[PDB]
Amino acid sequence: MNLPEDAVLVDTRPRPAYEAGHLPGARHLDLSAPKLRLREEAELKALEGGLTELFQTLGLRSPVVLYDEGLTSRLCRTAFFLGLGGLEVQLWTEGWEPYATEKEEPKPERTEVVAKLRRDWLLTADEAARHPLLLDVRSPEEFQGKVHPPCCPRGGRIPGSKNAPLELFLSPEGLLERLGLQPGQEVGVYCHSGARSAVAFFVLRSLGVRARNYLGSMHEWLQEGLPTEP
């Protein structure tokens, strides 16, 4: 993979791996999946302000190249938030390893970049509720409501959603065909709390699909008391 000029590098691996050696100048950022509630404009503006503080503290600016060992959930989750904030991002999953030589962590000066939410990358609960096609990337047992995590009130799925377990997205060849999709089509993706839905989002976008990521996912849906199946 070729790199764009003057790129800022972000390493999404766990800290010990980062400290054992990272690309010169790369910042460490391995974001966990927050449980977000995005219903009011003020909540969307708070997510945005949080990304601004993050971007400035890490000295980020476009273009950003994020790297990790393979297409990991943390790489995708982290890259999704940076791109969601308006930064131009790219994922680098192989080929950077020979350059992971730096042990010292950079202490860049803050930048003054300001995040601006990219609404076409996102789905709020209300937008997801009106979406023509949502893909639930959890396991079939979760999709069928047979099991659920203890932080949620019951097992279930968003009504009308279709199950596309995450593992399917690791085999892009013929994926759209198998999922019954085509380039340009509007598709939403979700899971429990947006932890791994970004993997499906990036894979689908790379295939030309207008994918949108419902970060709130099942957890927000259930906390809101929205309609569910079974």
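In this text, residue numbers run from 1 along the sequence as written.
*Asks:* Taking only the CA atoms, which stretch has the higher mean B-factor in the record, 76-84 or 140-148?
*Replies:* Higher of the two, by average CA B-factor, is 140-148.
*Asks:* What stretch has the higher average Cα B-factor here, 176-184 or 63-71?
*Replies:* 176-184 has the higher mean C-alpha B-factor.
*Asks:* If you compare 44, 203, 54, 195, which has the highest Cα B-factor in the entry?
*Replies:* Of the candidates given, the C-alpha B-factor peaks at 203.
*Asks:* According to the Cα B-factor stored in this entry, which of the following is highest: 168, 33, 189, 29?
*Replies:* Spelled out: the listed residue with the top C-alpha B-factor is 168.
*Asks:* Once the chain's modelled residues are ordered by C-alpha B factor and cut into thirds, is residue 132 in the lowest, middle or highest one?
*Replies:* Within its chain, residue 132 is a highest-third residue by C-alpha B-factor, going by the deposited values.
*Asks:* Consider only the C-alpha atoms of the modelled residues in this chain, order them by B-factor as the entry records it, and name the third containing residue 111: lowest, middle or highest.
*Replies:* Within its chain, residue 111 is a highest-third residue by C-alpha B-factor, going by the deposited values.
*Asks:* Considering every modelled residue of the chain and its Cα B-factor in the PDB entry, is residue 97 in the lowest, middle or highest third?
*Replies:* Lowest third, going by the recorded CA B-factors of the chain.
*Asks:* Which third of the chain holds residue 5 when residues are ordered by C-alpha B factor: lowest, middle or highest?
*Replies:* As the PDB entry reports it, the C-alpha B-factor of residue 5 lands in the middle third of its chain.
*Asks:* Determine, from the deposited record, the chain-internal third of the Cα B-factor for residue 208: lowest, middle or highest.
*Replies:* CA B-factor rank for residue 208: highest third.
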